[PDB]
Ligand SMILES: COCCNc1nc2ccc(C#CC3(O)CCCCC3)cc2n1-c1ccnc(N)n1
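Here you get one chain, nothing else, as structure tokens; it is the form deposited without the named molecule.
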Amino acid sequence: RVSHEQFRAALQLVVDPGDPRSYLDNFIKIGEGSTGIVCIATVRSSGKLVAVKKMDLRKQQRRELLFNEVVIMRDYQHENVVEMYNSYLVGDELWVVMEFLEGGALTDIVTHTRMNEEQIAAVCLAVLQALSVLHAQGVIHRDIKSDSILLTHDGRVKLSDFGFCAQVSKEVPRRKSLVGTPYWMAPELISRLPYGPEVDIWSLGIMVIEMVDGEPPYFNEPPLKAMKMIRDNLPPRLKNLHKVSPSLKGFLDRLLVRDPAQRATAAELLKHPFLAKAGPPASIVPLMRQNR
């Protein structure tokens, strides 16, 4: 009641004024995430399509993390990050009008076909380019997984869903919060150790297993049990090691390192020989549902 009204008023001071229903038509829902729904809408004057993320203030586990949408939009735009155009308070929801990634999410490719290493290397290179730039400015995404990687029709790869992100800096060197999606969570984060950008590197390792095997490890375990497993066990293994080149295997072994001090950084991984395999964005295009 009171808490909600108080929060609506806070958000209003940071978002753009007005209501984008005034310039948008034909909202059609295309998906849900952890923090709300995503629709496409048609820009009336142009006929172009944009995405609108709608997040109900009353349905957030940590309502203050909604500010992440504003911090990212304001400050950390980049070629491999979804362009955020404007944000608004529309009744009890935060709406973010953003770039529409019409190629959809990497999850729908990983669940339905088998990527080759040209393709996997293209995805990993693009993701690592985003992370290198984010991590150098102290931003940790904290929810790297195939659902957070979106594609353009011509196969360019962009990071999305920064709702769970946080900042580190000299004054706050490490984060402590239990955040992310259980199967992708880094072991030190499940163990409740102070952690840093290294956690996105482990999560990317898990997404590589998604790209190879179709699923993260322990995916048939309840989320609580899977976390315990990640906390306690040696790094997870591919379901079939013969299906990866020695190069991809060497690459994965620099990501899935339990000790975060020994895990490779995004900076280091950009130089890794596996990425020499990356094809151009055209290599990704045939993987998309409209093409398979």
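The first residue of the sequence shown is number 1, and the count goes up from there. Definition used throughout: the rigid core is the maximal C-alpha set that superposes within 1.5 Å between two forms.
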property	result
Farther-lying stretch by C-alpha RMS in 6 other deposited structures of this protein, rigid core as reference, of 247-255 and 54-62	54-62
Segment of greater CA departure in 6 other deposited structures of this protein, 201-209 or 83-91, core superposed	83-91
Residue range whose averaged C-alpha B-factor is higher in the record, 177-185 or 72-80	72-80
Per the entry, higher mean C-alpha B factor between 114-122 and 214-222	214-222
Maximum C-alpha temperature factor, selected from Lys145, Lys170, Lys158, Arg142	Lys170
Candidate residues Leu49, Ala266, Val52, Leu241, the one whose C-alpha B factor the record puts highest	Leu241
Chain third (lowest, middle, highest) by recorded CA B-factor, residue given as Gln137	highest
Ranked C-alpha temperature factor of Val14 among modelled chain residues, by third	middle
Third assignment of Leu57 from its chain's C-alpha B-factors	middle
Chain-relative CA temperature factor third for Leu24	lowest
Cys39, C-alpha B-factor rank within chain (lowest, middle or highest third)	middle
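Missing here is the form deposited with the named molecule bound; even so, the following discussion is about that form.
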property: Non-hydrogen atom contact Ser160 with the named molecule in the deposited bound form at 4.5 angstroms; result: yes
property: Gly31: touches the named molecule in the deposited bound form, heavy atom cutoff 4.5 angstroms; result: yes
property: is_contact(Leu150, the named molecule) in the deposited bound form, heavy atom dist at most 4.5 Å; result: yes
property: The named molecule contact in the deposited bound form: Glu117, any heavy atom under 4.5 Å; result: no
property: Residue among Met84, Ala126, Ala186, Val212 with a heavy atom within 4.5 Å of the named molecule in the deposited bound form; result: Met84
property: Among the candidates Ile201, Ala105, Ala122, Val139, the residue which, in the deposited bound form, approaches the named molecule to within 4.5 Å (heavy atoms); result: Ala105
property: Option from 224-232, 49-57, 242-250, 256-264 whose residues, in the deposited bound form, bring a heavy atom within 4.5 Å of the named molecule; result: 49-57
property: Partner contacts in the deposited bound form for 82-113 (non-hydrogen atom within 4.5 angstroms of the named molecule); result: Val82, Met84, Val96, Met98, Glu99, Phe100, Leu101, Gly104, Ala105
